[PDB]
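**Student:** One structure follows; several queries about it will come next.
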Amino acid sequence: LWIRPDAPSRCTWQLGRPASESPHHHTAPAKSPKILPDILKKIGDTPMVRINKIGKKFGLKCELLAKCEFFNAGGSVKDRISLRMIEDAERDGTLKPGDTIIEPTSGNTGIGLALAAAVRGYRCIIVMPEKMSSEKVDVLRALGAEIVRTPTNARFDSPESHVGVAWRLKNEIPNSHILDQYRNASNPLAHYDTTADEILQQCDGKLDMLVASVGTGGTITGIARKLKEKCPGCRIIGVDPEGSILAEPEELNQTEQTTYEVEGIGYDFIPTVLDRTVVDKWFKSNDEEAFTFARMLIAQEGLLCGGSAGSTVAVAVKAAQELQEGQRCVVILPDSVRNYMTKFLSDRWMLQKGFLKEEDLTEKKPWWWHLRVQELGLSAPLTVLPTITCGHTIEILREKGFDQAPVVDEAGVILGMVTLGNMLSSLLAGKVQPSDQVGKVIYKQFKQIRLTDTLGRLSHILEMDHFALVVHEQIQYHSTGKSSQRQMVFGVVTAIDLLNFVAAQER
Amino acid sequence: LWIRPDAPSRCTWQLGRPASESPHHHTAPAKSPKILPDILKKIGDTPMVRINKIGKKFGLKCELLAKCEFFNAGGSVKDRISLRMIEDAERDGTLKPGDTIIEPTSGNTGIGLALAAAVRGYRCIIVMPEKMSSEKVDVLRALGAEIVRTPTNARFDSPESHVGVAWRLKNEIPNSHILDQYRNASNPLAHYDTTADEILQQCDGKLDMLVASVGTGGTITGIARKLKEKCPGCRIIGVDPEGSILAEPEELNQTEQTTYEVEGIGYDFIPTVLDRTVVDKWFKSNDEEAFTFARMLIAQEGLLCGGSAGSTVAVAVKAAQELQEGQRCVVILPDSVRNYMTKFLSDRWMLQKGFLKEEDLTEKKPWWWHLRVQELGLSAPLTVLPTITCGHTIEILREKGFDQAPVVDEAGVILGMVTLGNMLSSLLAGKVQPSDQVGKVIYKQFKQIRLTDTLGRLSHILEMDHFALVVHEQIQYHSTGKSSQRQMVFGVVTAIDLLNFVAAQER
Amino acid sequence: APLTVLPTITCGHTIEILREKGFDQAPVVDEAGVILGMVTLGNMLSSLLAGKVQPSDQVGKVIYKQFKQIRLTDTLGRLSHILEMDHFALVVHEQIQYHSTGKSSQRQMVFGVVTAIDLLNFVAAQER
Ligand code: HEM
Ligand code: HEM
């Protein structure tokens with residue numbers, strides 16, 4: 001009854017057999033029209049870009065090319081299989097308009113299927129592990145797909161695994177089908193028909209290697225099968241995060257931790273779709289190097305790719321040392337950075353997970369990074385009320401030779417800060433009159449900072465707020481059971497002042 | 001000295017003059033190579049997709065086509081002008097490797113220039129208004145660009161406006177240049193050379209209308225100029241958010257509020273680059289309709305576009321009522337949803353801003369949405385300790401006919417929940433032994449929910465956590481100055497149970 | 001029933017605490033978890049006014065020390081049949097917790113206090 005994903009493959013493919021015996025319906029890469037009737041046709045024909053800086057940093061000699069699969073409609077390499085699966089199910093007559101699609105997946109296939117359903121009108125229910133980022137959840141919500149989260153540490157064949165939940169949901173919902181990516185032949189077939197043909201046409205046939213991360217296994221299986229059928233000289237390199245058992249031989253998989261922060265790759269079972277026989281070698285990868293390489297890719301090549309691309313490049317820079325000049329290597333970058341915006345892209349999260357250490361972050365910063373804000377020539381001899389009139393503020397600011405002053409009330413509550421030039425511009429434009437209160441022109445937001453903080457902290461703060469107020473806090477008492485507090489401003493600092501101080505110190 | 005952005009244009013262009021008299025260096029859309037040497041070449045050749053559902057919902061009769069400019073390298077329509085500006089400055093000899101680029105912009109151009117600098121090695125300093133989302137800030141940080149935020153309510157010519165800060169930074173940093181988008185002729189020229197040619201080639205020349213949002217003005221100015229030089233029959237429709245003064249005639253701009261949540265479009269000044277004479281009509285737009293139309297686009301067409309595209313489509317569905325069958329309309333979608341992930345894409349933020357009302361959210365939900373969780377057949381007659389052994393939990397769970405039970409300690413602290421099937425699978429796989437504690441298999445996360453909450457709240461919760469524990473809280477006292485608290489679990493609910501209840505109620 | 005009180009607690013303490021949280025009645029339970037009964041604010045006030053008790057006195061003089069233990073699974077018909085004998089019925093649940101699965105432990109965990117008043121109010125609300 002239950003079609004488990006760990007069953008051995010029933011296929012009989014082997015090298016050299018002509019395509020005419022294939023039981024599957026093969027289609028060549030279609031030529032895109034002048035205008036595509038629907039967004040679903042914007043899948044495929046992705047570019048192959050040359051890597052320039054990451055390779056030389058590690059002494060790589062071969063031409064390293066990256067398959068930017070994050071430019072697809074859904075921003076992932078899992079839009080191909082979604083489209084192919086939907087098309088095959090529709091052509092088989094299994095799926096009709098208004099039917100329900102249940103897919104246990106890691107979100108990328110879920111996003112692709114949600115997009116397909118929104119375009120074509122299906123009820124899409126997505127079952128995914130809990131550890132996936134909330135970005136995918138939000139995008140799915142906007143696409144009108146129903147989400148079901150499942151525990152991360154649940155064994156694949158357990159009752160509450162993502163596949164198990166999806167299967168029992170299919171068992172109980174009427175007119176519901178599962179296009180299971182772990183077992184459907186359409187998954188590897190999509191790559192076999194489009195991804196491999198695209199690669200061979202774009203690279204002019206000649207290449208010596210290919211590196212691809214492994215989830216469901218189609219992304220590597222189809223490409224490897226087509227390449228070995230056409231260009232067997234290519235070495236197929238697989239990747240697998242620590243804690244997963246996809247990589248072989250087995251002793252490579254002996255590790256204590258079963259959970260990893262990297263997403264979209266690695267599983268505790270061997271998929272039925274996967275064909276490990278066409279894999280020339282396997283590598284293990286960890287979160288730290290993967291995210292670091294993803295950040296390096298973003299910062300030095302402009303490829304806005306996710307963690308899996310980082311893992312792929314980290315493994316490639318190791319595996320491809322054997323290659324010499326004139327030989328070509330290819331890497332498959334699954335998805336975009338969009339799915340990981342608050343994840344590894346955030347320095348906060350990296351430091352919280354420990355994947356980045358303060359020494360690694362600070363060793364490359366300028367010489368003024370560790371200096372305190374105390375080193376600045378900050379000052380703020382005066383302040384004004386928020387109810388004060390505009391012309392009054394103008395005249396008083398000129399009375400004492402300042403162009404800006406903090407705004408504070410009688411109770412000591414800081415309201416913001418106002419600048420002379422902005423007030424003058426507002427008066428000239430007629431937006432305010434001298435008798436009007438400064439509330440129309442006041443800058444009512446700022447960041448409260450302390451003298452003890454370094455200039456690096458100030459720089460990190462100024463990326464969010466223009467003005468930072470250097471303040472101190474004193475607490476005064478009447479019997480030591482009767483407390484009172486107040487804060488007591490010093491000067492107004494901006495990136496302008498910081499850079500002026502840096503320039504003055506340099507000269 | 002200071003080149004203000006509000007100065008009138010010095011150009012002398014007028015209809016019908018041949019290109020040979022142009023002082024500018026024009027280049028036709030280049031043919032992409034088989035493999036692009038660097039990612040910067042992945043700008044242009046974007047697809048034009050047909051809109052199908054948004055048009056008919058409002059009775060639109062014309063063929064509505066959207067220019068998906070969010071597929072560019074930087075995911076925005078502001079990668080074109082960045083590339084063109086960099087190329088023109090390099091070809092003019094103004095910019096050398098290692099030079100500093102300062103750009104006051106709304107982030108999209110900043111992101112494009114940061115990508116260009118990362119590829120080519122420039123010091124990129126980005127000055128933007130504060131109201132921009134943190135997504136752009138994070139992406140810029142990953143690209144190695146220095147960010148400076150400026151107040152939103154600062155007048156454009158004020159000392160601390162984004163343009164003013166950028167100009168004075170250029171004034172004080174050595175070897176620093178500004179490629180100002182508000183004044184550089186390259187901005188509109190990029191569209192005039194590529195965007196318009198792409199549109200005319202893709203649509204086979206025939207089209208009757210064009211709708212485009214307006215920021216710097218190039219996105220509309222260049223396309224309109226080329227179209228009127230080649231296909232004058234097209235009606236050029238501009239858009240402008242409330243609070244901005246770009247739209248004409250003036251009385252359209254009379255509104256109380258000067259600040260709007262929409263980003264990337266609308267300014268308090270007329271850019272020097274903008275040519276309003278080639279605009280056939282203008283429209284005003286507001287945040288609510290813009291974000292609603294963006295969400296509708298995402299949910300019904302799969303176009304992962306931002307708020308500006310929503311504004312453009314909202315204005316188009318109004319302006320294009322005059323068109324009849326057989327005529328074609330074009331809309332320019334600036335950027336991707338990536339820049340607005342935690343913004344309007346989030347229902348929380350929409351409700352907080354009031355752009356969505358609870359009645360509008362609830363009127364379309366199922367009939368069971370308002371029912372309390374109290375209507376379920378939930379139960380949890382037993383619980384177990386976390387230190388208990390695996391085999392003990394197995395035997396006891398079978399002793400009483402349950403397959404799952406919450407995990408709680410002596411003190412009353414809830415640790416999680418464990419399922420029989422997962423424990424059996426772990427034992428079979430050898431990951432645990434009967435004597436081992438349940439800590440290796442326990443699901444140590446969940447969401448605490450109350451009986452009073454509706455099933456809609458439970459559904460929203462289950463999109464994040466698989467298991468939700470229905471608990472109650474009682475507080476007990478010894479003298480009414482001596483308090484004590486405890487919580488007291490009821491049953492374990494999942495989307496499985498919710499959907500089973502829905503099915504049972506339906507039948 | 002968000003709160004409960006001890007049986008040894010004083011009368012004035014129960015008065016003040018009941019007003020502290022806007023309830024007029026609360027179940028009475030001890031430290032061991034044994035349910036003793038339930039006490040109402042109005043009856044306590046009447047007893048204080050009549051002089052039968054003082055604020056420092058324990059609630060034992062005014063507590064309603066009898067009730068019927070009922071389960072969520074039971075129908076309103078069963079509740080109506082029960083209320084013909086006892087005024088108050090306590091909706092409780094029972095959970096049993098274990099340390100090695102040979103070491104059992106039990107406890108019950110009250111939900112709310114129901115009477116014919118509440119039943120008829122629910123019926124009226126549903127009818128309208
Ligand atoms: C070229 C000649 C091929 C032959 C003779 C062949 C043979 C078969 C057959 C007979 C099945 C059906 C097994 C069943 O229903 O029990 C099957 C399924 C399948 N085929 Fe092929 N195949 C060919 C090509 C390919 C290619 C090119 C791919 C991928 C690149 C592929 C991937 C698969 C997969 C993943 C399945 C599903 C196996 C399962 O569900 O157990 N096949 N194959
Ligand atoms: C086709 C014949 C054209 C002529 C004779 C012409 C004329 C000129 C001249 C002489 C300037 C320099 C003004 C100065 O430096 O003071 C200029 C600048 C400029 N041109 Fe053109 N132009 C032509 C085409 C175009 C086109 C096709 C576009 C855009 C689609 C364009 C947009 C601009 C802009 C934005 C400026 C900057 C104006 C300023 O900075 O004040 N021009 N034009």
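Quick note on naming: the chains in the structure tokens go A, B, ... in the order shown, residues restart at 1 in each chain, and ligands are numbered from 1 in order of appearance.
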List all protein, DNA and RNA residues that have any atom at most 8 Å from ligand 2, counting only C-alpha atoms and all ligand atoms, and write the list as a compact mmCIF listing (two decimals) with N, CA and C atoms, in the first residue's frame.
**Tutor:**
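Contents of the output file pocket-v1.txt:
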# COMPACT_ATOMS: atom_id res chain seq x y z
N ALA B 7 18.01 70.98 -10.98
CA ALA B 7 18.25 71.94 -12.05
C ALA B 7 17.55 71.47 -13.33
N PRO B 8 17.03 72.39 -14.14
CA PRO B 8 16.39 71.99 -15.39
C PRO B 8 17.37 71.27 -16.32
N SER B 9 16.83 70.36 -17.12
CA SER B 9 17.66 69.59 -18.04
C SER B 9 18.30 70.49 -19.08
N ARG B 10 19.55 70.20 -19.42
CA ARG B 10 20.28 70.94 -20.44
C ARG B 10 20.17 70.30 -21.82
N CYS B 11 19.47 69.18 -21.95
CA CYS B 11 19.38 68.49 -23.23
C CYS B 11 18.52 69.28 -24.21
N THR B 12 18.72 68.98 -25.50
CA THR B 12 18.00 69.65 -26.58
C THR B 12 17.29 68.65 -27.48
N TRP B 13 16.96 67.47 -26.96
CA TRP B 13 16.31 66.46 -27.78
C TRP B 13 14.90 66.90 -28.17
N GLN B 14 14.49 66.50 -29.37
CA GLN B 14 13.13 66.76 -29.84
C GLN B 14 12.81 65.75 -30.93
N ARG B 17 14.63 63.88 -34.74
CA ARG B 17 16.03 64.11 -35.06
C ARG B 17 16.76 62.78 -35.21
N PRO B 18 17.62 62.64 -36.22
CA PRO B 18 18.33 61.37 -36.40
C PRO B 18 19.35 61.13 -35.29
N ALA B 19 19.65 59.85 -35.07
CA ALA B 19 20.56 59.47 -33.99
C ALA B 19 21.97 59.98 -34.23
N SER B 20 22.34 60.24 -35.49
CA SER B 20 23.71 60.64 -35.79
C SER B 20 24.11 61.94 -35.11
N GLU B 21 23.15 62.78 -34.71
CA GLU B 21 23.46 64.02 -34.03
C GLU B 21 23.53 63.87 -32.52
N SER B 22 23.25 62.68 -32.00
CA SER B 22 23.26 62.48 -30.56
C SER B 22 24.67 62.67 -30.01
N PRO B 23 24.87 63.50 -28.98
CA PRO B 23 26.19 63.57 -28.35
C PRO B 23 26.57 62.33 -27.57
N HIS B 24 25.63 61.41 -27.36
CA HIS B 24 25.84 60.25 -26.50
C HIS B 24 26.29 59.05 -27.32
N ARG B 183 21.04 62.88 -12.47
CA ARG B 183 21.56 63.83 -13.44
C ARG B 183 22.31 63.18 -14.59
N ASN B 184 22.84 61.98 -14.41
CA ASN B 184 23.63 61.34 -15.45
C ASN B 184 22.74 60.95 -16.62
N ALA B 185 23.17 61.31 -17.83
CA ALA B 185 22.40 60.96 -19.02
C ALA B 185 22.41 59.46 -19.28
N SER B 186 23.37 58.74 -18.70
CA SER B 186 23.46 57.30 -18.93
C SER B 186 22.24 56.56 -18.40
N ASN B 187 21.58 57.10 -17.38
CA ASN B 187 20.44 56.43 -16.76
C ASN B 187 19.34 56.23 -17.79
N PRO B 188 18.74 57.29 -18.34
CA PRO B 188 17.72 57.08 -19.38
C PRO B 188 18.28 56.44 -20.63
N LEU B 189 19.56 56.68 -20.94
CA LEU B 189 20.14 56.14 -22.16
C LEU B 189 20.19 54.62 -22.13
N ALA B 190 20.41 54.03 -20.95
CA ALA B 190 20.43 52.57 -20.85
C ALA B 190 19.11 51.98 -21.32
N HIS B 191 18.00 52.50 -20.82
CA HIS B 191 16.69 52.04 -21.26
C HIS B 191 16.47 52.36 -22.73
N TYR B 192 16.83 53.57 -23.15
CA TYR B 192 16.65 53.97 -24.55
C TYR B 192 17.36 53.01 -25.49
N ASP B 193 18.48 52.45 -25.05
CA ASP B 193 19.26 51.58 -25.93
C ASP B 193 18.82 50.12 -25.84
N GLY B 218 14.31 57.86 -15.49
CA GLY B 218 14.86 57.23 -16.68
C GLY B 218 14.03 56.06 -17.17
N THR B 221 11.43 57.73 -19.02
CA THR B 221 11.87 58.73 -19.98
C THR B 221 12.50 58.09 -21.21
N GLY B 222 13.46 57.18 -21.01
CA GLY B 222 14.12 56.58 -22.15
C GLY B 222 13.18 55.75 -23.00
N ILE B 223 12.36 54.92 -22.36
CA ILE B 223 11.43 54.08 -23.10
C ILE B 223 10.44 54.94 -23.87
N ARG B 225 10.81 58.05 -24.93
CA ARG B 225 11.47 58.75 -26.03
C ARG B 225 11.68 57.82 -27.21
N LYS B 226 12.21 56.62 -26.96
CA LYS B 226 12.43 55.69 -28.06
C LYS B 226 11.11 55.28 -28.71
N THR B 272 16.57 66.17 -12.65
CA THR B 272 17.07 66.74 -13.89
C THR B 272 16.94 65.76 -15.05
N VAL B 273 17.10 64.46 -14.77
CA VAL B 273 17.02 63.45 -15.82
C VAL B 273 15.60 63.35 -16.37
N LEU B 274 14.59 63.52 -15.52
CA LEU B 274 13.22 63.26 -15.92
C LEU B 274 12.78 64.25 -17.00
**Student:** Near chain B, meaning an atom within 9 Å, which residues of chain C appear when counting only C-alpha atoms? Write them as a VMD selection string.
**Tutor:** chain C and resid 1 to 10 13 to 14 16 to 17 29 to 31 73 93 to 102 106 108 to 111
**Student:** Among stretch 299-428 of chain B, which ones does DSSP assign to helix (DSSP H, G or I) (computed from the backbone)? Answer as a PyMOL selection string.
**Tutor:** chain B and resi 299-301+307-322+337-340+347-353+358-362+373-375+390-399+420-428
**Student:** Near residue C:62, counting only C-alpha atoms, which residues have an atom at most 8 Å away, once you skip same-chain residues fewer than 5 positions from it, shown as number ranges by chain?
**Tutor:** C: 39, 43-44, 47
**Student:** Restricted to C-alpha atoms, what would the selected residues look like written as a PDB file, in the first residue's frame?
**Tutor:**
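The resulting file, part.pdb, is reproduced below:
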ATOM      1  CA  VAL C  39     -15.913  28.915  47.932  1.00  0.00           C
ATOM      2  CA  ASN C  43     -21.328  33.814  50.589  1.00  0.00           C
ATOM      3  CA  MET C  44     -18.078  34.833  52.292  1.00  0.00           C
ATOM      4  CA  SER C  47     -20.901  35.426  56.478  1.00  0.00           C
TER       5      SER C  47
END
**Student:** Taking only C-alpha atoms into account, report as an mmCIF file with N, CA, C and O atoms, in the first residue's frame which residues of chain A lie within 6 Å of chain B.
**Tutor:**
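Result written to out-v6.cif:
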data_model
loop_
_atom_site.group_PDB
_atom_site.id
_atom_site.type_symbol
_atom_site.label_atom_id
_atom_site.label_comp_id
_atom_site.auth_asym_id
_atom_site.auth_seq_id
_atom_site.Cartn_x
_atom_site.Cartn_y
_atom_site.Cartn_z
ATOM 1 N N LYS A 34 8.576 34.479 -28.447
ATOM 2 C CA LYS A 34 8.862 35.898 -28.279
ATOM 3 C C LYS A 34 8.268 36.431 -26.982
ATOM 4 O O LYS A 34 8.915 37.218 -26.282
ATOM 5 N N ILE A 35 7.047 36.022 -26.650
ATOM 6 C CA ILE A 35 6.440 36.308 -25.357
ATOM 7 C C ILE A 35 5.882 35.009 -24.794
ATOM 8 O O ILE A 35 5.183 34.266 -25.491
ATOM 9 N N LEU A 36 6.204 34.732 -23.536
ATOM 10 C CA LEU A 36 5.754 33.495 -22.912
ATOM 11 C C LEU A 36 4.334 33.656 -22.375
ATOM 12 O O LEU A 36 4.049 34.621 -21.660
ATOM 13 N N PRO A 37 3.418 32.738 -22.706
ATOM 14 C CA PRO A 37 2.028 32.899 -22.251
ATOM 15 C C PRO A 37 1.878 32.933 -20.741
ATOM 16 O O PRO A 37 0.991 33.637 -20.242
ATOM 17 N N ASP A 38 2.705 32.200 -20.001
ATOM 18 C CA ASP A 38 2.637 32.203 -18.547
ATOM 19 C C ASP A 38 4.047 32.057 -17.998
ATOM 20 O O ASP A 38 4.955 31.582 -18.683
ATOM 21 N N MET A 48 25.666 30.070 -17.760
ATOM 22 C CA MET A 48 26.835 29.455 -17.142
ATOM 23 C C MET A 48 27.931 30.508 -17.052
ATOM 24 O O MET A 48 28.465 30.942 -18.078
ATOM 25 N N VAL A 49 28.267 30.910 -15.829
ATOM 26 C CA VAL A 49 29.157 32.037 -15.579
ATOM 27 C C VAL A 49 30.516 31.513 -15.141
ATOM 28 O O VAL A 49 30.611 30.464 -14.494
ATOM 29 N N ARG A 50 31.565 32.251 -15.494
ATOM 30 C CA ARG A 50 32.925 31.868 -15.141
ATOM 31 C C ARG A 50 33.299 32.451 -13.784
ATOM 32 O O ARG A 50 33.137 33.653 -13.550
ATOM 33 N N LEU A 115 3.873 27.809 -7.020
ATOM 34 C CA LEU A 115 3.805 28.697 -8.176
ATOM 35 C C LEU A 115 3.012 28.055 -9.309
ATOM 36 O O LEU A 115 2.152 28.699 -9.927
ATOM 37 N N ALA A 118 -0.692 28.077 -8.407
ATOM 38 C CA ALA A 118 -1.251 29.416 -8.531
ATOM 39 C C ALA A 118 -1.500 29.774 -9.987
ATOM 40 O O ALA A 118 -2.521 30.395 -10.309
ATOM 41 N N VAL A 119 -0.587 29.396 -10.879
ATOM 42 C CA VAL A 119 -0.782 29.688 -12.296
ATOM 43 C C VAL A 119 -1.909 28.837 -12.875
ATOM 44 O O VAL A 119 -2.713 29.317 -13.681
ATOM 45 N N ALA A 142 2.260 33.538 0.472
ATOM 46 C CA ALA A 142 1.859 34.481 -0.565
ATOM 47 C C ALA A 142 1.362 33.768 -1.814
ATOM 48 O O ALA A 142 0.538 34.321 -2.551
ATOM 49 N N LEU A 143 1.843 32.552 -2.069
ATOM 50 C CA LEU A 143 1.425 31.789 -3.238
ATOM 51 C C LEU A 143 0.154 30.987 -3.001
ATOM 52 O O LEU A 143 -0.315 30.315 -3.927
ATOM 53 N N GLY A 144 -0.413 31.035 -1.798
ATOM 54 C CA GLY A 144 -1.666 30.356 -1.534
ATOM 55 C C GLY A 144 -1.547 28.866 -1.309
ATOM 56 O O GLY A 144 -2.490 28.127 -1.606
ATOM 57 N N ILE A 147 0.605 24.899 4.335
ATOM 58 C CA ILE A 147 1.879 24.428 4.862
ATOM 59 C C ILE A 147 1.625 23.504 6.043
ATOM 60 O O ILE A 147 0.736 23.757 6.866
ATOM 61 N N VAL A 148 2.406 22.431 6.124
ATOM 62 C CA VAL A 148 2.439 21.550 7.284
ATOM 63 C C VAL A 148 3.899 21.304 7.633
ATOM 64 O O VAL A 148 4.659 20.784 6.809
ATOM 65 N N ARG A 149 4.291 21.675 8.847
ATOM 66 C CA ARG A 149 5.656 21.477 9.306
ATOM 67 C C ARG A 149 5.758 20.175 10.090
ATOM 68 O O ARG A 149 4.808 19.757 10.756
ATOM 69 N N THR A 150 6.921 19.535 9.997
ATOM 70 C CA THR A 150 7.169 18.262 10.652
ATOM 71 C C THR A 150 8.482 18.320 11.418
ATOM 72 O O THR A 150 9.365 19.119 11.081
ATOM 73 N N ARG A 155 12.524 10.162 12.263
ATOM 74 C CA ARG A 155 13.059 9.232 11.279
ATOM 75 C C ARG A 155 12.142 9.175 10.062
ATOM 76 O O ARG A 155 10.922 9.315 10.172
ATOM 77 N N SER A 158 9.147 7.090 10.170
ATOM 78 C CA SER A 158 8.314 7.258 11.346
ATOM 79 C C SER A 158 6.955 7.827 10.950
ATOM 80 O O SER A 158 6.802 8.405 9.870
ATOM 81 N N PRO A 159 5.944 7.672 11.809
ATOM 82 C CA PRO A 159 4.594 8.133 11.444
ATOM 83 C C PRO A 159 4.509 9.616 11.130
ATOM 84 O O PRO A 159 3.688 10.004 10.291
ATOM 85 N N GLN A 202 25.978 24.838 -24.084
ATOM 86 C CA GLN A 202 26.595 26.092 -23.664
ATOM 87 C C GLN A 202 28.112 25.971 -23.591
ATOM 88 O O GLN A 202 28.835 26.894 -23.982
ATOM 89 N N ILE A 298 29.157 35.590 -2.684
ATOM 90 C CA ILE A 298 28.373 36.818 -2.777
ATOM 91 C C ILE A 298 29.297 38.027 -2.856
ATOM 92 O O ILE A 298 29.098 38.936 -3.671
ATOM 93 N N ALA A 299 30.332 38.050 -2.013
ATOM 94 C CA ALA A 299 31.156 39.242 -1.872
ATOM 95 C C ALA A 299 32.173 39.409 -2.994
ATOM 96 O O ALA A 299 32.625 40.534 -3.231
ATOM 97 N N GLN A 300 32.549 38.331 -3.686
ATOM 98 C CA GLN A 300 33.626 38.398 -4.665
ATOM 99 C C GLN A 300 33.213 38.028 -6.083
ATOM 100 O O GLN A 300 34.036 38.165 -6.995
ATOM 101 N N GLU A 301 31.983 37.561 -6.302
ATOM 102 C CA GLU A 301 31.517 37.224 -7.641
ATOM 103 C C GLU A 301 30.119 37.734 -7.954
ATOM 104 O O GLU A 301 29.736 37.730 -9.129
ATOM 105 N N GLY A 302 29.351 38.171 -6.959
ATOM 106 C CA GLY A 302 28.018 38.675 -7.213
ATOM 107 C C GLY A 302 26.956 37.613 -7.367
ATOM 108 O O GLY A 302 25.808 37.945 -7.675
ATOM 109 N N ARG A 338 17.525 34.397 -1.522
ATOM 110 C CA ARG A 338 16.242 34.864 -1.004
ATOM 111 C C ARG A 338 15.744 33.976 0.129
ATOM 112 O O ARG A 338 15.172 34.465 1.111
ATOM 113 N N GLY A 421 19.511 73.667 8.435
ATOM 114 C CA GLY A 421 19.321 73.696 6.994
ATOM 115 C C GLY A 421 17.993 73.114 6.555
ATOM 116 O O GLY A 421 17.335 73.659 5.663
ATOM 117 N N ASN A 422 17.582 71.998 7.161
ATOM 118 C CA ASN A 422 16.288 71.418 6.822
ATOM 119 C C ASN A 422 15.153 72.368 7.181
ATOM 120 O O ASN A 422 14.180 72.492 6.429
ATOM 121 N N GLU A 463 24.414 51.978 10.024
ATOM 122 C CA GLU A 463 23.814 51.337 8.865
ATOM 123 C C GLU A 463 22.299 51.246 8.973
ATOM 124 O O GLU A 463 21.643 50.887 7.989
ATOM 125 N N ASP A 465 20.394 53.753 11.404
ATOM 126 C CA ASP A 465 19.932 55.093 11.733
ATOM 127 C C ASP A 465 20.988 56.109 11.326
ATOM 128 O O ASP A 465 22.188 55.846 11.428
ATOM 129 N N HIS A 466 20.532 57.275 10.862
ATOM 130 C CA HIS A 466 21.468 58.316 10.451
ATOM 131 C C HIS A 466 22.155 58.952 11.649
ATOM 132 O O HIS A 466 23.367 59.199 11.615
#
**Student:** Please report the interatomic distance between atom CA of residue A:364 and atom CA of residue A:456 in Å with one decimal.
**Tutor:**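 Calculated distance between atom CA of residue A:364 and atom CA of residue A:456 is 12.2 Å.
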**Student:** Which is closest to ligand 1 among A:15, A:199, A:43, A:102, if we use only C-alpha atoms and all ligand atoms?
**Tutor:** A:15
